[PDB]
Amino acid sequence: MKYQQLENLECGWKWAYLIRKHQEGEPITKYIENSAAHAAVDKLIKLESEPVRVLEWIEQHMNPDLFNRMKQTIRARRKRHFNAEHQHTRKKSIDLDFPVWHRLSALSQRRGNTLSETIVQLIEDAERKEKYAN
Amino acid sequence: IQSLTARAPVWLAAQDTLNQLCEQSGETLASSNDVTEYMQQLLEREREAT
Amino acid sequence: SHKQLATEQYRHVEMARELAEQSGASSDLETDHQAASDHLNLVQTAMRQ
Amino acid sequence: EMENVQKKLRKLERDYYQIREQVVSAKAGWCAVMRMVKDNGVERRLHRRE
Amino acid sequence: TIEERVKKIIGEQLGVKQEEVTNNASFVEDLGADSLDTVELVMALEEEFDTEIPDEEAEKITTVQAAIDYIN
DNA sequence: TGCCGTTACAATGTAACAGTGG
DNA sequence: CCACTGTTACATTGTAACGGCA
Ligand SMILES: *P(=O)(O)OCC(C)(C)[C@@H](O)C(=O)NCCC(=O)NCCS
């Protein structure tokens with residue numbers, strides 16, 4: 001356990017995620033009958049502003065197949081929330097043309113390094129080549 | 001330094017509470033005895049106003 | 001540590017310089033000793049004759 | 001042997017560099033919040049020094 | 001000109017505007033920046049110019065003008 | 001194993017720059 | 001000039017797959 005978990009924050013995250021999924025059409029609840037599903041969704045909607053009861057709501061009506069996805073989404077949300085405080089711990093997202101990405105991933109898989117490590121090593125070698133020439 | 005640091009938070013909270021309490025009053029407190037006379041004046045004002 | 005390392009580098013430079021001086025002295029001594037060996041051989045030959 | 005220590009110094013230098021950007025960014029962010037909170041918020045309300 | 005760096009950073013580090021700082025005044029007492037604030041200011045100046053300033057030289061920047069005097 | 005950090009993506013939304021033709 | 005288009009460099013959120021560890 002590296003990042004401390006805060007209930008009033010992660011519960012709001014879970015509520016927002018479930019509301020988003022419901023608005024997206026995902027079946028939040030395990031009830032195939034539409035009446036029970038709608039009733040549970042209404043309970044959730046009126047359940048806003050409550051961690052201790054949204055957790056119970058999840059335990060009681062949550063769709064079995066979404067547990068893993070919700071858990072990993074909350075994991076990622078927690079990690080990003082804690083890393084977004086400092087500049088050096090943040091992550092920069094870019095888009096690479098498919099050939100360039102293909103070659104870079106080929107190198108990374110070949111050497112066992114990650115994309116960041118592979119690019120760092122390559123840049124260091126480029127600098128070393130510059131110094132060699134210079 | 002560590003002993004003073006351990007003592008610190010209690011003293012700081014005490015100072016803040018005392019400052020708030022005194023500023024709420026028109027007077028500024030400076031001694032335990034002074035707090036006692038303030039209590040006596042409070043009792044006098046209470047027994048009058050009642 | 002930066003100042004300490006720079007100063008140690010300067011000390012290193014000084015010792016390297018003095019050992020270069022000793023290397024030059026060694027070369028000069030080598031020439032002189034070549035001459036000395038030549039002299040020894042000449043004296044040996046003269047004694048034999 | 002000393003060239004390794006020089007490389008370690010370079011590592012420490014980059015770490016110092018990083019800490020320095022962190023600190024300067026923190027102060028840049030702080031500036032504005034001080035400026036706004038000087039509307040009596042910071043006097044005693046927010047600054048719970050305890 | 002290049003001084004726009006200093007006269008900018010100073011403000012960004014002290015909450016004052018570009019014209020607020022006066023060359024005759026002193027950071028330590030005439031700008032409200034305490035020891036920690038002045039350390040932060042000098043270290044931000046160091047960061048901005050990608051250079052280094054030892055403690056001894058750094059301590060002689062208590063006045064507004066010095067911030068450019070060592071720079072230019 | 002199940003949780004928890006971590007990586008490498010995918011999909012969509014925006015700001016900024018460079019071009020192109022009316 | 002001006003508008004509309006193409007492109008790059010991000011952000012934001014979600015997900016699956018590894019690998020560490022109780
Ligand atoms: P002041 O009450 O703002 O406190 C300043 C400070 C003691 C926290 C510190 O920032 C400071 O000004 N230190 C003086 C310089 C110093 O100690 N340098 C050490 C270099 S290893």
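Couple of notes before you dig in:
- A Förster radius of 30 Å combined with the Cβ-Cβ distance from A:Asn8 to D:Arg49 puts the calculated FRET efficiency at roughly 0.75.
- Taking the Cα centre of chain E as reference, the dipole from Cβ charges on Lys and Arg (+1) and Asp and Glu (-1) amounts to some 320 debye.
- Mean ellipticity per residue at 222 nm, deg cm²/dmol - from DSSP H runs of n ≥ 4 across chain E, formula -39500 (n - 2.57): -14000 deg cm²/dmol
- Chain E - percent relative contact order, Cα under 8 Å, separation 6 or more: 37
- log₁₀ of I(q)/I(0) at q = 0.22, 0.24, 0.30, 0.32 Å⁻¹ - chain B, Debye sum with one point per alpha carbon: -0.85, -0.92, -1.07, -1.11
- Inter-label distance, B:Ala30 to A:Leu47: 6.1 nm, where each label sits 7 Å from its Cα along the C-beta direction.
- Equivalent ellipsoid of chain E: semi-axes from √(5λ) of the C-alpha gyration tensor, largest first, are 16, 14, 11 Å.
- Between C:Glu21 and D:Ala32, the simple spin-label model (points 7 angstrom out along Cα→Cβ) gives 6.5 nm.
- Size of charge dipole - chain C - debye, nearest 20, with Cβ of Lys, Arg +1 and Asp, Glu -1, no other charges: 100
- Computed label-point distance, nm, for sites E:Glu20 and E:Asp69 using a 7 Å Cα→Cβ extension: 2.3
- Size descriptors for chain C (Cα atoms only): Rg and Dmax, in that order, 21.2, 71 Å.
- On Cα atoms only, tilt of D:2-37 relative to the major axis of chain D in degrees: 10
- Charge dipole of region E:28-72 about the Cα centre (unit charges at C-beta), most positive-ward option of E:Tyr70, E:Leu36, E:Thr51: E:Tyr70
- The residue among A:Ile28, C:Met15, E:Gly11 whose Cα reaches farthest toward the positive pole of the charge dipole of the protein assembly as shown, with charges on the beta-carbon of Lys, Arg, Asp and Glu, is A:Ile28.
- Rounded D (µm²/s) - chain D, Kirkwood Rh over Cα pairs, Stokes-Einstein at 20 °C, 1.002 mPa s: 155
- Averaged over peptide D:23-31, the number of partner chain Cβ atoms lying within 10 Å of each residue's Cβ comes to 5.
- Here the protein assembly as shown is treated with +1 on each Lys and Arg Cβ and -1 on each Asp and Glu Cβ, and its dipole about the Cα centre works out to around 2340 debye.
- Along its principal axes, region A:65-134 has C-alpha extents of 56, 29, 22 angstrom, given from the largest down.
- Note on the protein assembly as shown: percent of Cα-Cα distances in each 10 Å bin, starting at 0 and stopping at the bin with the largest distance, equals 4, 11, 13, 17, 18, 15, 9, 5, 4, 2, 2, 1, 0, 0, 0.
- Cβ-based charge dipole, region A:1-89, positive-most Cα from A:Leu9, A:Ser49, A:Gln72: A:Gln72
- Percent of Cα-Cα distances greater than 23 Å, calculated over chain A: 56
- Applying 0.36 nm per residue to the separation of C:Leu42 and C:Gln4 and subtracting their alpha-carbon distance, the gain on full extension is 8.0 nm.
- Residue mean of other protein chain beta carbons inside 10 Å, D:6-17: 2
- Gap separating the Cα centres of chain C and region E:9-29, nearest whole Å: 64
- Computed over chain A, the per-residue total of -39500 (n - 2.57) for DSSP H runs of n ≥ 4 gives a 222 nm mean residue ellipticity of -22500 deg cm²/dmol, rounded to 500.
- Given A:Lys91/C:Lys3; A:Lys30/A:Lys71; A:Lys14/D:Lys27; C:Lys3/D:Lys7; A:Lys92/A:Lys131, the pairs whose alpha carbons are separated by over 26 Å: A:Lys91/C:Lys3; A:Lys14/D:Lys27; A:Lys92/A:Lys131
Every number here is computed from the coordinates shown, using simple stated rules; none is lab data. No Cβ is skipped: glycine too gets one built from the backbone with ideal geometry, and neighbour counts run over all protein chains shown.
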